[PDB]
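In what follows, a structure is listed as C-alpha cells, so that the remarks can point back to it.
There are 2 protein chains.
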Amino acid sequence: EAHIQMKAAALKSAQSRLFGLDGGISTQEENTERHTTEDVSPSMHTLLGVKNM
Amino acid sequence: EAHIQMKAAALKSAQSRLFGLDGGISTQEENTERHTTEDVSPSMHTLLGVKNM
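Residue numbers (the deposited numbering), protein chains in the order written: chain Aq, 215 to 267; chain Aa, 215 to 267.
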C-alpha cells in the first residue's frame, strides 16, 4: 500500500503524449518558377492585361 | 494501571499519518514549444483559419 501510494503521488496526472513536433519542417511548396532578364520584377514576368489609361 | 492510563490520556486520539506533502512540486508539463520572430504572439504562431469578413 505504501509503494502504491508513493507511485500514485509521484506520477500525479502526467499526461502521456504519443508524438512530439513533427520533423518535417518545410510546410510550403518548392518554387520551380524560372527567373529571366526579361521579367518586370523578381515576382512577376509580364504585366499582360494592364492598360495605362 | 496508572502508567497505562497516563499513556492513554497523553496519546488521546492522535491519528497517525504515513505521508506528508509530496516533494514533487511541478504539476504541469514542460513547454518544449519554440518561439520565433515570425510569431503573431508569444502564445501563438499563426492565425491560420481566421477570416476577416
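All residues carry an ideal CB built from backbone N, CA and C; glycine is no exception.
As assigned by DSSP and simplified to three states, the class of Aq/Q219: Correct three-state label for Aq/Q219: helix.
CB contact below 7 Å: residue 272 of chain Aq versus chain Aa: Residue numbering for chain Aq in the displayed model covers 215 to 267; residue 272 of chain Aq lies beyond these limits and cannot be assessed.
Chain Aq residues whose Cβ lies nearer than 9 Å to that of Aa/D236: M220, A223, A224, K226
C-beta neighbour in chain Aq for Aa/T260, strict 7 Å: Taking 7 Å as the threshold, the shortest C-beta distance from Aa/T260 to chain Aq does not fall below it.
Short CB-CB distance (under 7 Å) between Aa/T241 and chain Aq: yes
Whole-number beta carbon distance between Aq/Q219 and Aa/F233, since they are thought to touch under 8 Å: 6 Å
Backbone CA spacing between Aa/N245 and Aq/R231 [nearest angstrom]: 13 Å
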